[PDB]
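Data first, discussion second: the structure below is written as structure tokens.
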Amino acid sequence: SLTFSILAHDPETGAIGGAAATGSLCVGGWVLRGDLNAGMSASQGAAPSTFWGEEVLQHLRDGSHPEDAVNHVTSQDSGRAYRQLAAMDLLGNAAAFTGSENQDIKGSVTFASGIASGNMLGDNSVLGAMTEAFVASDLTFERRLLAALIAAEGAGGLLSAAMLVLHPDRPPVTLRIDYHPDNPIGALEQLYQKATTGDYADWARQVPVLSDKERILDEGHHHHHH
């Protein structure tokens with residue numbers, strides 16, 4: 001199905017993240033993985049391999065350049081032509097592999113702090129528009145990722161969308177619309193606003209994070225409890 005994904009590093013904060021949308025279900029579950037000790041990966045294509053997504057991160061942890069990590073993982077797989085893989089390290093270096101048996105139009109665009117990839121696209125300009133939107137945006141990192149999904153969509157239906165953002169001072173921000181009949185990206189933005197503002201955001205800053213693993217709720221009396 002129509003598929004596009006973007007991985008990026010946010011230099012100012014050291015956050016890493018990605019976002020994706022497809023014309024099928026559960027894109028967040030299939031495609032997006034990440035670890036603050038490794039980088040980000042997007043594993044997709046006609047016959048996506050969950051293994052590729054996990055294993056490429058291990059190669060990064062173990063000191064492979066993204067190009068070599070992607071090549072190591074894909075070369076070992078006789079079915080590689082039917083899938084597509086992108087990976088980015090903690091400093092924004094990135095590489096992709098695009099199998100020849102994925103549906104046209106395919107493949108990938110690197111840019112200073114990330115990588116866009118996709119397949120079953122209507123035009124080259126889908127990935128170009130995605131990249132331009134991400135790099136041109138002066139919004140917060142998460143909104144840049146959203147802007148990228150919207151531009152990719154506009155350059156072309158989609159049924160699922162997701163975002164994943166990691167930072168050592170924050171719990172993972174994992175936001176999934178696994179099915180929406182007509183506008184999963186819009187539904188993702190709504191979820192993003194709810195997940196990053198008000199009571200919920202106030203609660204979410206009071207839980208364990210990588211830099212404060214034993215964090216508990218704020219001390220003292222409160223009239224409310226999430």
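Residues are referred to by chain and number: the chain letter is A, B, ... according to the order shown in the structure tokens, the number counts from 1 in that chain, and ligands are numbered separately from 1 in the order shown.
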
Which of chain A DSSP labels strand (DSSP E), written as JSON, numbers by chain: {"A": [3, 4, 5, 6, 7, 8, 9, 10, 15, 16, 17, 18, 19, 20, 21, 22, 32, 33, 34, 35, 39, 40, 41, 42, 43, 44, 84, 85, 86, 87, 88, 89, 94, 95, 96, 97, 98, 107, 108, 109, 110, 111, 114, 115, 116, 117, 118, 119, 160, 161, 162, 163, 164, 165, 166, 173, 174, 175, 176, 177]}

Output file for the selection above: C-alpha atoms, as a PDB file, in the first residue's frame:
```pdb
ATOM      1  CA  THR A   3       3.755   4.097   2.309  1.00  0.00           C
ATOM      2  CA  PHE A   4       6.000   6.935   3.424  1.00  0.00           C
ATOM      3  CA  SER A   5       8.155   7.455   6.514  1.00  0.00           C
ATOM      4  CA  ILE A   6      10.593  10.007   7.851  1.00  0.00           C
ATOM      5  CA  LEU A   7      13.338   9.591  10.473  1.00  0.00           C
ATOM      6  CA  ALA A   8      15.017  12.621  12.004  1.00  0.00           C
ATOM      7  CA  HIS A   9      17.356  13.890  14.715  1.00  0.00           C
ATOM      8  CA  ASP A  10      16.612  17.125  16.604  1.00  0.00           C
ATOM      9  CA  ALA A  15      15.794  13.909  20.597  1.00  0.00           C
ATOM     10  CA  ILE A  16      15.360  11.322  17.864  1.00  0.00           C
ATOM     11  CA  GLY A  17      12.123  10.486  16.112  1.00  0.00           C
ATOM     12  CA  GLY A  18      10.139   9.309  13.149  1.00  0.00           C
ATOM     13  CA  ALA A  19       6.690   9.428  11.609  1.00  0.00           C
ATOM     14  CA  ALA A  20       4.889   7.338   9.015  1.00  0.00           C
ATOM     15  CA  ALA A  21       1.614   6.776   7.232  1.00  0.00           C
ATOM     16  CA  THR A  22       0.272   4.022   4.979  1.00  0.00           C
ATOM     17  CA  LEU A  32       8.800   2.610  13.418  1.00  0.00           C
ATOM     18  CA  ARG A  33      11.428   1.621  15.999  1.00  0.00           C
ATOM     19  CA  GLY A  34      14.060   3.487  17.983  1.00  0.00           C
ATOM     20  CA  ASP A  35      16.437   3.452  20.922  1.00  0.00           C
ATOM     21  CA  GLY A  39      19.167   5.631  16.593  1.00  0.00           C
ATOM     22  CA  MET A  40      15.961   5.159  14.564  1.00  0.00           C
ATOM     23  CA  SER A  41      14.729   2.682  11.979  1.00  0.00           C
ATOM     24  CA  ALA A  42      11.837   2.458   9.512  1.00  0.00           C
ATOM     25  CA  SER A  43      11.236  -1.067   8.221  1.00  0.00           C
ATOM     26  CA  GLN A  44       8.604  -1.272   5.487  1.00  0.00           C
ATOM     27  CA  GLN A  84      12.665  -1.492   2.290  1.00  0.00           C
ATOM     28  CA  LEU A  85      14.742  -0.257   5.241  1.00  0.00           C
ATOM     29  CA  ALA A  86      15.965   3.089   6.508  1.00  0.00           C
ATOM     30  CA  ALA A  87      18.111   3.743   9.553  1.00  0.00           C
ATOM     31  CA  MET A  88      19.581   6.798  11.199  1.00  0.00           C
ATOM     32  CA  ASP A  89      22.226   7.081  13.930  1.00  0.00           C
ATOM     33  CA  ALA A  94      21.310   7.834   7.590  1.00  0.00           C
ATOM     34  CA  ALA A  95      20.985   5.254   4.851  1.00  0.00           C
ATOM     35  CA  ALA A  96      18.262   3.294   3.096  1.00  0.00           C
ATOM     36  CA  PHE A  97      17.837   0.126   1.079  1.00  0.00           C
ATOM     37  CA  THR A  98      14.956  -0.168  -1.397  1.00  0.00           C
ATOM     38  CA  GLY A 107      12.709   4.881  -2.735  1.00  0.00           C
ATOM     39  CA  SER A 108      14.542   7.463  -0.518  1.00  0.00           C
ATOM     40  CA  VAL A 109      15.890  10.958   0.202  1.00  0.00           C
ATOM     41  CA  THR A 110      18.537  11.826   2.832  1.00  0.00           C
ATOM     42  CA  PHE A 111      18.667  15.365   4.224  1.00  0.00           C
ATOM     43  CA  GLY A 114      17.364  12.501   8.625  1.00  0.00           C
ATOM     44  CA  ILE A 115      15.933  10.366   5.832  1.00  0.00           C
ATOM     45  CA  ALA A 116      12.595  10.013   4.063  1.00  0.00           C
ATOM     46  CA  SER A 117      11.622   6.739   2.303  1.00  0.00           C
ATOM     47  CA  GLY A 118       8.545   5.257   0.719  1.00  0.00           C
ATOM     48  CA  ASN A 119       6.979   2.966  -1.840  1.00  0.00           C
ATOM     49  CA  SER A 160      -2.966   4.663   9.520  1.00  0.00           C
ATOM     50  CA  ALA A 161      -0.370   7.109  10.825  1.00  0.00           C
ATOM     51  CA  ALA A 162       2.118   7.166  13.687  1.00  0.00           C
ATOM     52  CA  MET A 163       4.895   9.076  15.391  1.00  0.00           C
ATOM     53  CA  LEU A 164       7.638   7.985  17.741  1.00  0.00           C
ATOM     54  CA  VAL A 165       9.884  10.440  19.597  1.00  0.00           C
ATOM     55  CA  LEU A 166      12.553   9.641  22.189  1.00  0.00           C
ATOM     56  CA  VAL A 173       6.163   9.647  22.931  1.00  0.00           C
ATOM     57  CA  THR A 174       4.559   6.862  20.938  1.00  0.00           C
ATOM     58  CA  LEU A 175       1.373   7.961  19.139  1.00  0.00           C
ATOM     59  CA  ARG A 176      -0.538   5.570  16.915  1.00  0.00           C
ATOM     60  CA  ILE A 177      -3.617   5.827  14.761  1.00  0.00           C
TER      61      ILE A 177
END
```

Within 10 Å of region 135-140 of chain A using only C-alpha atoms, minus same-chain residues under 2 positions, as a PDB file with C-alpha atoms, in the first residue's frame:
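File selection-v2.pdb, as written:
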```pdb
ATOM      1  CA  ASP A  10      16.612  17.125  16.604  1.00  0.00           C
ATOM      2  CA  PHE A 111      18.667  15.365   4.224  1.00  0.00           C
ATOM      3  CA  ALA A 112      20.913  17.041   6.810  1.00  0.00           C
ATOM      4  CA  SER A 113      19.297  15.513   9.910  1.00  0.00           C
ATOM      5  CA  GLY A 114      17.364  12.501   8.625  1.00  0.00           C
ATOM      6  CA  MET A 130       8.041  15.480   2.613  1.00  0.00           C
ATOM      7  CA  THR A 131      11.712  16.478   3.000  1.00  0.00           C
ATOM      8  CA  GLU A 132      11.190  20.121   2.010  1.00  0.00           C
ATOM      9  CA  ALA A 133       8.335  20.406   4.547  1.00  0.00           C
ATOM     10  CA  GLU A 142       7.144  16.918  16.600  1.00  0.00           C
ATOM     11  CA  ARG A 143       5.204  19.419  14.486  1.00  0.00           C
ATOM     12  CA  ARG A 144       7.944  19.260  11.833  1.00  0.00           C
ATOM     13  CA  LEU A 145       7.358  15.502  11.605  1.00  0.00           C
ATOM     14  CA  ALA A 147       4.236  18.782   8.604  1.00  0.00           C
ATOM     15  CA  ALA A 148       6.250  16.166   6.686  1.00  0.00           C
TER      16      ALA A 148
END
```

Pick out the residues sitting within 8 Å of residue 50 (chain A), and hand them over as a PyMOL selection string; count only C-alpha atoms, and ignore anything fewer than 4 positions along from it in its own chain. chain A and resi 30-31+43+54

In Å, with one decimal, what is the gap from CA of residue 83 (chain A) to CA of residue 106 (chain A)? 10.8 Å

Which neighbours of residue 206 (chain A) fall inside 9 Å, counting only C-alpha atoms, when residues of the same chain fewer than 2 positions from it are skipped, and could you give them as a PyMOL selection string? chain A and resi 202-204+208-209+215-218

Output for the residues just chosen: N, CA and C atoms as a PDB file, in the first residue's frame:
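File produced: out.pdb:
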```pdb
ATOM      1  N   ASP A 202       1.174  17.206  32.179  1.00  0.00           N
ATOM      2  CA  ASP A 202       1.594  17.430  33.571  1.00  0.00           C
ATOM      3  C   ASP A 202       1.886  16.101  34.277  1.00  0.00           C
ATOM      4  N   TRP A 203       1.020  15.114  34.070  1.00  0.00           N
ATOM      5  CA  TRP A 203       1.222  13.773  34.617  1.00  0.00           C
ATOM      6  C   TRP A 203       2.475  13.119  33.996  1.00  0.00           C
ATOM      7  N   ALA A 204       2.589  13.215  32.669  1.00  0.00           N
ATOM      8  CA  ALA A 204       3.640  12.493  31.927  1.00  0.00           C
ATOM      9  C   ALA A 204       5.056  12.964  32.301  1.00  0.00           C
ATOM     10  N   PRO A 208       9.127   7.862  35.567  1.00  0.00           N
ATOM     11  CA  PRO A 208      10.536   7.530  35.238  1.00  0.00           C
ATOM     12  C   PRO A 208      10.965   7.829  33.805  1.00  0.00           C
ATOM     13  N   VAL A 209      12.167   8.385  33.691  1.00  0.00           N
ATOM     14  CA  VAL A 209      12.811   8.669  32.398  1.00  0.00           C
ATOM     15  C   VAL A 209      14.273   8.214  32.481  1.00  0.00           C
ATOM     16  N   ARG A 215      11.977   8.223  39.303  1.00  0.00           N
ATOM     17  CA  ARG A 215      11.042   9.331  39.482  1.00  0.00           C
ATOM     18  C   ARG A 215       9.672   8.883  39.984  1.00  0.00           C
ATOM     19  N   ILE A 216       9.121   9.656  40.917  1.00  0.00           N
ATOM     20  CA  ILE A 216       7.766   9.442  41.410  1.00  0.00           C
ATOM     21  C   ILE A 216       6.957  10.723  41.238  1.00  0.00           C
ATOM     22  N   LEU A 217       5.671  10.662  41.579  1.00  0.00           N
ATOM     23  CA  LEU A 217       4.786  11.823  41.448  1.00  0.00           C
ATOM     24  C   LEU A 217       5.252  12.953  42.348  1.00  0.00           C
ATOM     25  N   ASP A 218       5.009  14.185  41.902  1.00  0.00           N
ATOM     26  CA  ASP A 218       5.343  15.378  42.684  1.00  0.00           C
ATOM     27  C   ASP A 218       4.853  15.262  44.124  1.00  0.00           C
TER      28      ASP A 218
END
```

Could you please determine the separation between CA of residue 196 (chain A) and CA of residue 23 (chain A) in Å, to one decimal place? 26.3 Å

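Minimum atom-to-atom distances from A:101, A:169, A:219, A:68 to residue 205 (chain A) were compared using only C-alpha atoms, and the lowest value belongs to A:169.
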
Counting only C-alpha atoms, closest pick from A:48, A:184, A:92, A:79 relative to residue 66 (chain A) is A:92

So which bits of region 46-210 of chain A end up helix (DSSP H, G or I) when you DSSP the backbone, as a VMD selection string? chain A and resid 50 to 61 66 to 75 80 to 82 125 to 136 141 to 154 184 to 195 198 to 204

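Shortest atom-to-atom contact with residue 150 (chain A) among A:172, A:179, A:82, A:189: A:189, counting only C-alpha atoms.
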